[PDB]
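Protein chains in written order, with UniProt numbering: chain A, 1 to 155; chain B, 1 to 261; chain C, 2 to 208.
For every residue, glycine included, the Cβ atom is placed at its ideal position computed from N, Cα and C.
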Amino acid sequence: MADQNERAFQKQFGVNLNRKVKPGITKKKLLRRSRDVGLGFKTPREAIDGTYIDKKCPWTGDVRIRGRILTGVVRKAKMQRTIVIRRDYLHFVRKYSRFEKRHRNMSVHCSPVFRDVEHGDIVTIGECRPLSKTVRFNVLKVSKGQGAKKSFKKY
Amino acid sequence: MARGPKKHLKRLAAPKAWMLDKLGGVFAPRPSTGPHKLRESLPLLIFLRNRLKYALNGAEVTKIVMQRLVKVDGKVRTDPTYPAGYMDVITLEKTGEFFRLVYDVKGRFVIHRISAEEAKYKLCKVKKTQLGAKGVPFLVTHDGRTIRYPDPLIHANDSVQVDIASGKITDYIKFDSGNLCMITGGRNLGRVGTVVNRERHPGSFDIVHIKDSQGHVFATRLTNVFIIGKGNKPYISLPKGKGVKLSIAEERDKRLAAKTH
Amino acid sequence: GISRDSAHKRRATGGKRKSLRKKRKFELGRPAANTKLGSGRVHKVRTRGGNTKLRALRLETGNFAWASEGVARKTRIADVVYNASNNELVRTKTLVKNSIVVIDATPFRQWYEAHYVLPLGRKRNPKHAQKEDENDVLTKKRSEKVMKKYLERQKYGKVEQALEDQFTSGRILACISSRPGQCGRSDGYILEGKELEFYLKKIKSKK
RNA sequence: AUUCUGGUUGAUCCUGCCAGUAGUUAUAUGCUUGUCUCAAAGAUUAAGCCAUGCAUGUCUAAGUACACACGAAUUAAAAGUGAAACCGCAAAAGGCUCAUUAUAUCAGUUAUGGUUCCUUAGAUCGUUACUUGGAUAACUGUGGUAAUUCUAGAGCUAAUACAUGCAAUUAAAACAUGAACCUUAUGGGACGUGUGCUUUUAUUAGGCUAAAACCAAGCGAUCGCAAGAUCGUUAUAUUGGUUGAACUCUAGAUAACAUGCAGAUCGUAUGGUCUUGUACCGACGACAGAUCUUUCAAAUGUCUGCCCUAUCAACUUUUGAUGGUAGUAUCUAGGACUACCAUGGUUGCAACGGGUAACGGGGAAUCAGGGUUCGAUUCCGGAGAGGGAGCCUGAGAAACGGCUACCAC
RNA sequence: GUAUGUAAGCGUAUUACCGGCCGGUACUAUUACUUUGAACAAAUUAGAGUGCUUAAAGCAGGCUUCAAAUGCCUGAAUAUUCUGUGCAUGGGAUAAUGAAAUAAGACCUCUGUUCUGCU
RNA sequence: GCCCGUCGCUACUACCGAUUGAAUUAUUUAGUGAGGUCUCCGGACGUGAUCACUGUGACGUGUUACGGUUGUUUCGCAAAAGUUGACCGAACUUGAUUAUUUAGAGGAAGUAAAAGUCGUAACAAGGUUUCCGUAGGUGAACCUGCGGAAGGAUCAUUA
RNA sequence: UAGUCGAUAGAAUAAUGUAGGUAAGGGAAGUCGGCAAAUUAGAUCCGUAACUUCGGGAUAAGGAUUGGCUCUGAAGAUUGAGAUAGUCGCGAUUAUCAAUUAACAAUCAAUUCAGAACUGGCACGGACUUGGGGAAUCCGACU
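See below:
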């Protein structure tokens, strides 16, 4: 992406790598501890390997993704570190004794751990600490990102 | 931050388990902010006046409770609006009746007369155990009592016998799925026994599946499940018929049957 | 007055948010402390529930920490060099969260001569000799111990090249990570590995 | 009770609406109205405007009495009771109304690792005046403006107001870095500052499968007179932790920080023991108090839903629109706000706009059911208090039966 | 003599342990829908218990007993409207979706091959 | 027999319309901008601690302490009126905009029409079948022209 | 720069003039008539109607801003580096390769358009240049 090059030096609160005085070394070069997303939700391994600062990320940030787990389809991948999902469902109105198909279009934060997020991906989103006005969610799993043909590379 | 508390509780907005009669009064007794949560708490005002008929009015309740005759869990309880909810021992020293507030199968409080030696203690479900405040671990009960330095095997949703005269833990029953239970509000309220299993749903609302001694099985959330005992022997005296929950019709058959007048 | 509430300013539909609530004191926000570089004043503010959160106006001093050495000392805040948020803040010398601060460096250095006896940068023949208390700390002796301790230390003692330049120049790069507007004190991380490398590029480009 | 019946014609059959017809806690109005129980009721329109009165004030044995208010008499009596006034707490809402207001409010559904919580309930404070200091009300006296009231001036006097800070205010202990001592260092230390809770920053211990062959400082054991050289069974590389975790979580260590707390209280009732200093030390709960929980709460956030309208089709980005980053604000996340940087966000699944006798829901009316209509109002939540804006106090009000301002009255 | 609806067998998703078929663990196409649970504010609505003297309904009161007496006592249920939704669970019909035919196709297994990586 | 419009009376309703009418509302640019708060100050006043001059005591005239509505030189903490810069911003003015209301010479409709005036248009082939689209002309009806349909007067016969 | 300084002059510098200006407060009341005079003017930005032959109306209307100094950014031209090897004494001679590459870097050019402070007494198109505007009507289409 960017080499986390913003006007400020991007640092995570409470991790300064201590060169000087404290017992030496077994490789990895990084004090980066990484998550178990645990509603049996498996981590993407780029969390552990992530140079990316993202303080609004649950993998690199001091945030809980708290509450409602919903599954939806990405309609717009356009934004740097957030995506739009449209969820479309039947709401049964008893009066009309038929439904109306109805939509809610909601912005949801894509941490840059999640790569090949493209419209039309089915994505598992969790309500998040409500992150920037229309962004009230964060992606807990990209369950699609996909390409059932594309997973194994076509000749 | 904002607004209240707003101290006025209207009758009809008032928790139904109290059995406040609609007429005569727009206004409910509103138990002041104590150790027991407002909906789950039986004000001294209702208990003395409506049930025990020692007091006719609200003005009579303040006269008795000011006399310091109503000594809820080791304490004088000067306040007639004192909440006094669950497992609390109300001792009317002259003349001596000794009560525990425990639950009817109809999810109402009962007048339950306990032995003066049963009145010494009480059973406390443990909300939370946290580490740091003096002298370093502390346990807090559902009746807001903090008991310092708890036995290290006491884990959240366990019960402790509390000595009351001193605030000490003098027994603990681990939340293990064949321990005797009374459930405290869900709709299943004061039904009893014996917790077949729990199904843990991580975040949130862990559901406990409970089998009463009529072998009827029913389910409540873990926050509603209070552990009171061992399968067969409850540590406190249960109110009659031992929260079995028949049907209203089966109760009607038994009731109608029980009189030759 | 100054109001949080999400309910001001156009929707994502661009829909005109009408009114509903005057401005409530539930929504309260209050004028920025804008804390300056200088003579130690701290004022109490009554904050919701009761609690005093301190607005500092004019703070000389901070707690600037060497993370790698695990030691932080109280030092004078000489200057504000850079601010990523506003250039005006640099000029006015206001102490902010991540405002880049040039310290003062003298009490740090005395103690690291007293941990390594390696003068960090390589000082000078009259400067070493002149003990207020430089040379006394260097030589020490007592046979024996504290000299023995300096022998144990130093596969580590080389001290990063960037830092050694900064150390003897007497002005050390840092970022303040406290809000002295609500936390009443101005206190920072001293820029070590990665932290220096990004900022140092910004120094030499911007000037 | 899934109901029709009258009316186009000369007569006749449908299409059709209209009338009749029944109900309406659904409002008006007429006439008539003996009795009983029950009660909605200035909503619609005028969320118009208001004379006069009242709805928010408050004292116990328990903060403060030198009220001559009453009680005083015999010993130093003030003490008792308690208006006033200080002090503390309430006044943030009950109540009223439903205007603005159409996803907004709000219900159900939920979250808070995004936060605050007086109070109450329960627990917590051993790191040289011990009970000191002086100023003011009430008071006394003298005044001001036509005035409510606002207070000027002079002279007192209290504190659970204020100002300090000792004789239980106490250091010891142990660990850090200083070190007398010893020896090569498996290594440990007298005496020391510092080390209370807290506030504030940084760093760290944190969530850890089993065995071997060597080397350097040797811990036992062995080989060698030594010098020297080998090997090794075992404890062990060990804050946890909600759990989406590198949480700053309830809490700590190391390095630094600032500054509150730890009662110069009061009322009950006085004992033990005299070297009788008026000594030492002592129970309850009232009001403080600091940490922590709990409780009354709360603000924001999730999911899903609302009438009519296209004779409203593109909309948001002047100046945040929508996103990144960093800051600031705040009780809190947060474009809430600001710099910089991207070009996004919303839309025929009707967006944006306009209208609404449009607060929402719980509910009500009317029914064969299905529905249609209603809700301004007896509850719950939110909102407002002539329209608007700004603010103090306080745990909490952007308050109006608070203030300050403007504009209208 | 049937009937088979119910139960257990047998043919690439009931396979595999541990503890004595049971009960976990390891488990597994997305949905819409639907099933069963919890979670559904009271009033209202339906309605239980009950002579508010009838009744609207109130939530009283009845009893041995108008004796002597707190003695015996049932109570102020249950459902649904607070829809849909969400949570949890079951089904695999209906309607869609799914690998892999330009096979870097699915397993498995051999290279200690590779890279990450340890108390 | 049905029967319509033009024309004329009267009554009622809505439209267009000079006035670039009028009124009120909510958004809006720009300008102006009360007040509060935050913030830079100010020092009305009031003391400490120190110094003196006087009185007193202590100590070796001097010093120190205390007092004297005391005076004066150092340097502090609080502190009013006023006030600096900022941000919120009521309010006002003027353009723009929108919703809603309503005056109006006059024009031009429709209706109630009900005793009228002029025609016979259509209803029978209504004496010119009807009726449509469209143009022009007729007092009007309507006629006419061009292309149609049958809802015709041909459901047709007619090598 | 080149060419003039000849327009008969001096003193007074009256009225009245001519030619050039200014004038409080009110602001067209003036007059045949806004004639004369004044406002306005450039630029950049924002905003922009009736009506319409859709081209215009339009510089509509209505608003904002302009100096100086001090910085910053953007906008071009040209070859060069870098790495390795052999020969002779870092210097000289010879051989190889594409990536490097949005200023690659380096250097040279010459000004444009934008943004930010500081700054003065609103002073900022400062001289000069240089539309007053809108609403209707009569008339000829127009130059």
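>> Rounding to the nearest angstrom, what Cα-Cα distance links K94 (chain B) and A116 (chain B) in this structure?
In response: Cα atoms of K94 (chain B) and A116 (chain B): separation of roughly 13 Å, rounded to the nearest angstrom.
> Among residues of its own chain, excluding the 5 on either side of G50 (chain C), which ones have a beta-carbon nearer than 6 Å to its beta-carbon?
Replying inline: none
> Hey, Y172 (chain B) and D158 (chain B) are a contact pair by Cβ (cut 8 Å); roughly how many whole angstroms apart?
Replying inline: The pair is a contact, with the Cβ atoms about 6 Å apart (cut-off 8 Å).
> Would you call the region 141-150 of chain A and the region 8-15 of chain B in contact, with 3 or more CB pairs under 8 Å?
Replying inline: no
> Listed from N- to C-terminal order along the chain, which residues in the region 11-40 of chain A have their beta-carbon within a distance smaller than 9 Å of any beta-carbon of chain B?
Replying inline: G38, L39, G40
> What is the rounded straight-line gap between the Cα of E135 (chain C) and the Cα of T60 (chain A)?
Replying inline: 44 Å
>> Assuming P35 (chain B) and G38 (chain A) are in contact, meaning their beta carbons sit under 8 Å apart, how far apart are those beta carbons, in whole angstroms?
In response: In this structure, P35 (chain B) and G38 (chain A) do not form a Cβ contact; the two beta carbons are roughly 35 Å apart against a cut-off of 8 Å.
>> Contact defined as beta carbons within less than 8 Å: I believe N224 (chain B) pairs with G186 (chain B). What is the distance between those atoms, to the nearest angstrom?
In response: So it is a contact: roughly 5 Å between Cβ atoms.
> For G122 (chain C), which residues from the same chain have a beta carbon less than 8 Å from its beta carbon, with the 5 sequence-adjacent residues on both sides left out?
Replying inline: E165, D166, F168, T169
> Using 8 Å as the limit for Cβ to Cβ distance, is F9 (chain A) near chain C?
Replying inline: yes
> So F99 (chain B) is in the beta strand (DSSP E); what residue range does that whole segment cover?
Replying inline: In the DSSP assignment, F99 (chain B) falls within the beta strand (DSSP E) that extends over 99-103.
> Cα-Cα, which of B:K211, B:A165, B:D151 is closest to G178 (chain B)?
Replying inline: B:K211
> Which parts of the region 19-78 of chain A are runs of the beta strand (DSSP E), unbroken and 3 residues or longer, counting only runs that do not cross its ends?
Replying inline: 69-76
> Between the C-alpha atoms of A85 (chain C) and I227 (chain B), what's the straight-line distance to the nearest angstrom?
Replying inline: 57 Å
> Per DSSP, what kind of secondary structure is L153 (chain B) in: helix, strand or coil?
Replying inline: coil
>> I'd like the span of the beta strand (DSSP E) that includes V72 (chain C), first residue to last.
In response: 72-77
> Taking buried to mean at least 16 other C-beta atoms within 10 Å of its own C-beta, is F99 (chain A) buried or exposed?
Replying inline: exposed
>> Are the CB atoms of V74 (chain A) and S107 (chain A) within a distance shorter than 8 Å?
In response: No, Cβ-Cβ distance for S107 (chain A) and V74 (chain A) is not below 8 Å.
> Should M79 (chain A) go down as buried or exposed, given a rule of 16 or more other Cβ atoms within 10 Å for buried?
Replying inline: exposed
> With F98 (chain B) and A119 (chain B) assumed to form a contact (beta carbons below 8 Å), what rounded beta-carbon distance in angstroms separates them?
Replying inline: Sure, about 4 Å apart at Cβ, within 8 Å.
>> Measuring straight from C-alpha to C-alpha, what distance separates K75 (chain C) and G63 (chain C)?
In response: 6 Å
>> According to DSSP, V208 (chain B) sits in a beta bridge with which residue or residues?
In response: B:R198, B:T220
>> Are the CB atoms of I90 (chain B) and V70 (chain B) within a distance shorter than 8 Å?
In response: yes
> Thinking C-alpha only, which one of C:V103, C:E198, C:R154, C:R110 is nearest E133 (chain C)?
Replying inline: C:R110
>> With a threshold of 8 Å, are at least 3 pairs of Cβ atoms found where one atom belongs to the region 91-98 of chain C and the other to the region 31-47 of chain C?
In response: yes
> Under a Cβ-count criterion, where at least 16 other Cβ atoms within 10 Å of its own Cβ denotes burial, should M1 (chain B) be classed as buried or exposed?
Replying inline: Per the 10 Å Cβ criterion, exposed.
>> Quick check on the burial criterion: 16 or more other C-beta atoms within 10 angstroms. Buried or exposed for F205 (chain B)?
In response: Exposed is the call here.
> Once you ignore the five residues that flank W18 (chain B) on each side, which residues in its own chain have a CB closer than 6 Å to its CB?
Replying inline: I46
> For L21 (chain C), which three-state DSSP category applies?
Replying inline: coil
> For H44 (chain C), is the classification buried or exposed, using 16 other Cβ atoms within 10 angstroms of its Cβ as the cut-off for buried?
Replying inline: exposed
> Which one of A:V142, A:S34, A:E127 has the shortest CA to CA distance from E118 (chain A)?
Replying inline: A:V142
> Which runs of the alpha helix (DSSP H) spanning at least 4 residues fall entirely within the region 95-147 of chain A, listed in chain order?
Replying inline: none
> Can you round the beta-carbon distance between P239 (chain B) and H112 (chain B) to whole angstroms, since I take them to be within the 8 Å contact cut?
Replying inline: Rounded to whole angstroms, the Cβ separation of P239 (chain B) and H112 (chain B) is 5 Å, and the two are in contact under 8 Å.
> How many Å lie between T78 (chain B) and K245 (chain B) at the Cα?
Replying inline: 37 Å
> Going along chain A in order, which residues have a C-beta closer than 8 Å to the C-beta of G107 (chain B)?
Replying inline: In chain order: nothing, as chain A lies at least about 30 Å away.
>> Please list, in chain order, the residues of the region 35-57 of chain C that have any C-beta partner in chain B closer than 8 Å.
In response: Answer in chain order: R49, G50.
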